[PDB]
Trainee: 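Can you read through this structure? Questions will come right after.
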Amino acid sequence: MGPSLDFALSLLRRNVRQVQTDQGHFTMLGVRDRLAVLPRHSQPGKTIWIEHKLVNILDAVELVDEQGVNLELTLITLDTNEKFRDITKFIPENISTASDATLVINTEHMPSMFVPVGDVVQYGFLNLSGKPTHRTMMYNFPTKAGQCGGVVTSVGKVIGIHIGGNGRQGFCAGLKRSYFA
């Protein structure tokens, strides 16, 4: 088996979880230790269903940039015995574009799903449901409902978390390593 298929399959196995909040089904990325990241519009509450059980959330931080502009990411700390394989080393230090990226989705409705989104490009500003958002990236792939939280990956790098779309395009919140320091 090849390095790319191996990497993304290993991401599914170790780090990318099927979740449900009161807002529906999402993909969650476990980053290290008890720390995971969700799209802000998943709105996690005091507890979260991850795969086959309810897990308590110890803390939730909805990230903003230096101007207090929404980044569309929520950082959660889980009450779990599991320590996620640390993948912060696969996250760029700065928000990075990519070529021929893959979007890896994992929900009860879309389990272990691989979507070739192609090139990920700098976008910056977006209005997300009257919510204005910075540090976004864009791909020209008609994404659909249910793929939010999907993990944007390319050549052993984890660069974004799917945040929305418009019927021809997809948009992710860019990841940087410093969010998980």
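Each residue takes its place number in the sequence, starting with 1. For the numbers below, each heavy atom of this structure counts, side chains included, while hydrogens, waters and symmetry mates do not.
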Trainee: Nearest heavy-atom pair of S99 and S154: which atoms, and what distance?
Mentor: O-OG, 3.4 Å
Trainee: Heavy atoms, side chains only, cut-off 4.5 Å: are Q147 and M113 in contact?
Mentor: yes
Trainee: Counting N and O atoms only, with roles assigned by atom type, does the side chain of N106 sit under 3.5 Å from a partner on the main chain of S112, one being a donor and the other an acceptor?
Mentor: yes
Trainee: Would you check if the side chain of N15 reaches a backbone N or O of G30 as a donor-acceptor pair within less than 3.5 Å?
Mentor: yes
Trainee: Going only through I, L, V, M, F, W and Y residues with side-chain contacts under 4.5 Å, is there a path from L38 to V104?
Mentor: no
Trainee: Taking only residues two or more places apart in sequence, or in another chain, which ones meet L63 in a side-chain contact (heavy atoms from CB on, under 4.5 Å)?
Mentor: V61, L71, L73, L75, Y179
Trainee: So which heavy atom on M28 is nearest to which on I76, and how close?
Mentor: SD-CD1, 4.1 Å
Trainee: So which atom in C172 and which in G160 form the shortest heavy-atom distance, rounded to 0.1 Å?
Mentor: SG-CA, 4.1 Å
Trainee: If a pair satisfies salt bridge (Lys or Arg N to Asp or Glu O under 4.0 Å) and one of its residues is in residues 110-131, list it, with sequence neighbours excluded.
Mentor: none
Trainee: Under a 4.5 Å side-chain heavy-atom rule over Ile, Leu, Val, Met, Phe, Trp and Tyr, are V115 and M137 clustered together?
Mentor: yes
Trainee: Without placing hydrogens or testing angles, list every side-chain donor-acceptor pair under 3.5 Å for residues 46-59, not counting sequence neighbours.
Mentor:
{"residue": "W49", "atom": "NE1", "partner": "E51", "partner atom": "O", "Å": "3.1"}
{"residue": "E51", "atom": "OE2", "partner": "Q18", "partner atom": "N", "Å": "3.0"}

Trainee: What is the distance from atom CZ of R17 to atom CD of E82, rounded to the nearest 0.5 Å?
Mentor: 4.5 Å
Trainee: Grouping I, L, V, M, F, W and Y whenever their side-chain heavy atoms are under 4.5 Å apart, do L78 and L35 come out in a common cluster?
Mentor: no
Trainee: Would you say that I87 contacts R14 through its side chain, given a criterion of any heavy-atom pair below 4.5 Å between the two side chains?
Mentor: no
Trainee: Are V151 and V117 joined in one hydrophobic group, where the rule is that I, L, V, M, F, W and Y side chains link up if heavy atoms are under 4.5 Å apart?
Mentor: yes
Trainee: Donor-acceptor pair, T21 side chain versus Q23 backbone, under 3.5 Å?
Mentor: yes
Trainee: Would one find more than 12 heavy atoms of other residues, nucleotides or ligands at under 6.0 Å from atom CG of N127?
Mentor: yes
Trainee: May I ask you to decide if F26's main-chain N or O and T107's side chain share a donor-acceptor pair within less than 3.5 Å?
Mentor: yes
Trainee: Under the rule for ring-ring contact (aromatic ring centres under 6.0 Å, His included), what residues qualify as partners of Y123, not counting sequence neighbours?
Mentor: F171
Trainee: Show me the donor-acceptor pairs within less than 3.5 Å that the side chains of residues 88-96 make with the rest of the protein, sequence neighbours left out.
Mentor:
{"residue": "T88", "atom": "OG1", "partner": "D86", "partner atom": "OD1", "Å": "2.6"}
{"residue": "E93", "atom": "OE2", "partner": "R177", "partner atom": "NH1", "Å": "3.4"}
{"residue": "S96", "atom": "OG", "partner": "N94", "partner atom": "O", "Å": "2.5"}

Trainee: Side chains of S10 and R85: does their closest heavy-atom pair fall under 4.5 Å?
Mentor: yes
Trainee: Does a donor on one side chain sit under 3.5 Å from an acceptor on the other, for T143 and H162?
Mentor: yes
Trainee: How far does CG of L175 sit from CD1 of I159, to the nearest 0.5 angstrom?
Mentor: 8.5 Å
Trainee: Do the side chain of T97 and the main chain of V121 share a donor and acceptor less than 3.5 angstrom apart?
Mentor: no
Trainee: Does the side chain of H41 come within less than 4.5 Å of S129's, by heavy atoms?
Mentor: no
Trainee: Without hydrogens or angle criteria, can the side chains of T133 and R40 be said to hold a donor-acceptor pair below 3.5 Å?
Mentor: no
Trainee: Measuring from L11:CG to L29:CG, what's the distance to the nearest 0.5 Å?
Mentor: 7.5 Å
Trainee: On a heavy-atom basis, which atom in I161 and which in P39 lie closest, and how many Å separate them?
Mentor: CG2-CD, 4.1 Å
Trainee: Which pairs with one or both residues in residues 94-109 pass salt bridge (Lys or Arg N to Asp or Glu O under 4.0 Å), sequence neighbours excluded?
Mentor: none
Trainee: Quick check: do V69 and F125 have side-chain heavy atoms less than 4.5 Å from each other?
Mentor: no
Trainee: Any donor and acceptor pair, going by atom type alone, linking the side chain of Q169 with main-chain N or O of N166 inside 3.5 Å?
Mentor: no
Trainee: Are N70 and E62 close enough, and set up right, to give a side chain to side chain contact (heavy atoms under 4.5 Å, CB included), and what steps lead you there?
Mentor: CA-CA 8 Å; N70 180 52; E62 307 189 327; 5.8 Å; no
Trainee: Does any non-hydrogen side-chain atom of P44 lie less than 4.5 Å from one of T74?
Mentor: yes
Trainee: Determine, using the 4.5 Å side-chain heavy-atom cutoff (strictly less than), whether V19 and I105 are members of one ILVMFWY cluster.
Mentor: no
Trainee: How many angstroms lie between CG in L126 and CE in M138, if you round to the nearest 0.5 Å?
Mentor: 11.0 Å
Trainee: Does any part of the side chain of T136, heavy atoms only, come nearer than 4.5 Å to the side chain of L128, both counted from C-beta?
Mentor: no
